[PDB]
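First to last, the sequence lines map onto chains A and B. Numbering (my numbering) for the first sequence: 1 to 49. Numbering (my numbering) for the second sequence: 101 to 150.
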Amino acid sequence: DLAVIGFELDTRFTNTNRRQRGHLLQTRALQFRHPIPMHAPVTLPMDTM
Amino acid sequence: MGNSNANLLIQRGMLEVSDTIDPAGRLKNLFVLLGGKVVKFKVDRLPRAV
């Protein structure tokens, strides 16, 4: 039965008529907010005299 | 503020308008009831906990 039975071609369309877009690009932005906390103090007591 | 440790620490009625909350706060922990028992999630540093 030695014979060629089928084939596949590596053909493609040309988008001179822009039928296909492919992947899309868009711009994005994210924000991170980092407010600074206040921390507990350290004190040096004295004598008011 | 009224239910904070500040009032129950020394005298119950210390709090006055001179005290304020620091705006720089975060959601420190989130407790979920998972199938009848509680699981503690540490979420303090997540970008959406601020």
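The C-beta atom is built at its ideal place from N, Cα and C for all residues, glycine as well.
C-beta contact flag for residue i and residue j at 8 angstroms
| i | j | result |
| --- | --- | --- |
| residue 152(B) | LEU115(B) | Because residue 152(B) is not part of the residues shown, which for chain B are 101 to 150, the question remains open. |
| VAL143(B) | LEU127(B) | yes |
| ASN107(B) | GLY113(B) | yes |
Distance between beta carbons of residue j and residue i, contact taken as under 8 angstroms
| i | j | result |
| --- | --- | --- |
| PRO37(A) | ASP122(B) | 6 angstroms |
Quiz prompt | Within 8 angstroms of chain A by C-beta, residues of the region 102-130 of chain B in sequence order | solution = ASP122, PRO123, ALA124, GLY125
Exercise. Could you please tell me which residues of the region 21-43 of chain A, in chain order, have their CB closer than 8 angstroms to any CB of chain B?
Key: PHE32, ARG33, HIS34, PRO35, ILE36, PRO37, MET38
Practice problem: Please specify which runs of the alpha helix (DSSP H), each continuous and at least 4 residues long, are wholly inside the region 113-148 of chain B, giving them in chain order. | Solution: none
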